[PDB]
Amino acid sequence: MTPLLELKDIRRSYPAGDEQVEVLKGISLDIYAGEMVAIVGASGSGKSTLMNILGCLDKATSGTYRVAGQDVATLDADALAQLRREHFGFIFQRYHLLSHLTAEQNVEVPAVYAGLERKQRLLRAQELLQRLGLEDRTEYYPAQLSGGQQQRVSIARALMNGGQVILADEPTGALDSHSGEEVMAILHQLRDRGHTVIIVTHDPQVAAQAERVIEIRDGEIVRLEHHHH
C-alpha cells in the first residue's frame, strides 16, 4: 500500500568537537497502517534513539522522515508537537504515572495540550479506561494499583489523542508473565482495529509476536524478518 511512516537514510550522531559519535548510520524503512513491527537489538545498538526519532522527540542529523506524507524537518516545535499529538501514543517499561493524580486524571493529561476542554477530556478518559478493563478503577491513585493495572492506564493514556501509532519501549520488561501476556493481547487487539504498534525490545521472543522484525546492530539494520499468527 502507501506507507504511514517513511524513513530514508536516517543518521544520528552526537557532536563531540569534530569526532562525532555515530549512533544511527543510515536507516531506511517503511511502516504501514495497521501493522505490528518490532525493533530488536542489544543495548547500545541505537534502537532507543531510533524510537525517539520515530516519535519526533528527537531530530535526525540527516536523512528524511515523513509521517503521513509530512517531512518533519520542515516543522517548528509547535507544529511538530501538534503532528506528534495527531499521530503518536507512547508507553514504556516504567509507567510514568503521576502518583497524586487519579487513573482518569493521568489519562486526560495529553489532551490538555491539544486544547481539549475539561468535560470532554473527562468523558473520553473514562471511555478509554472502560475499554482497557478499568471502569471500576477510574478514581484510584497509582499507589493503589498493580503494575499490570498501571500499564493499562499508560495504554489508555497513549490513546487519548488517538494513538494512531503506538510506540512501545519494552512494555513487558517489568511485568510477570500473565500481566505481560495481557498487555500483548491488548496491543494485538489495537492492531486488529487498525493502529500501528511499534515495539522496541532486547528479547527476540517478544519480537516474534510482531508481523515484521527489524534487527539493529551498531546503528544499522542487519536483518528484516516476517512472521504470521
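Just count from 1 along the sequence shown to find any residue number.
Taking the mean C-alpha B-factor of each stretch as recorded, 205-213 and 21-29 are not equal, and the higher mean is that of 21-29. For the pair 159-167 and 57-65, the mean B factor over Cα atoms is greater in 57-65. Take 82, 74, 99, 151 and read off each C-alpha B-factor from the entry; 74 has the highest.
Take 110, 142, 89, 133 and read off each C-alpha B-factor from the entry; 133 has the highest. Looking at the C-alpha B-factors along this chain, the one for residue 42 belongs to the highest third.
Ranked by Cα temperature factor within the chain, residue 178 sits in the highest third according to the deposited record. When the CA B factors of the chain's modelled residues are split into thirds, the value for residue 70 lands in the middle one. When the CA B factors of the chain's modelled residues are split into thirds, the value for residue 106 lands in the lowest one. Among the modelled residues of the chain, residue 114 sits in the highest third by CA temperature factor in this PDB entry.
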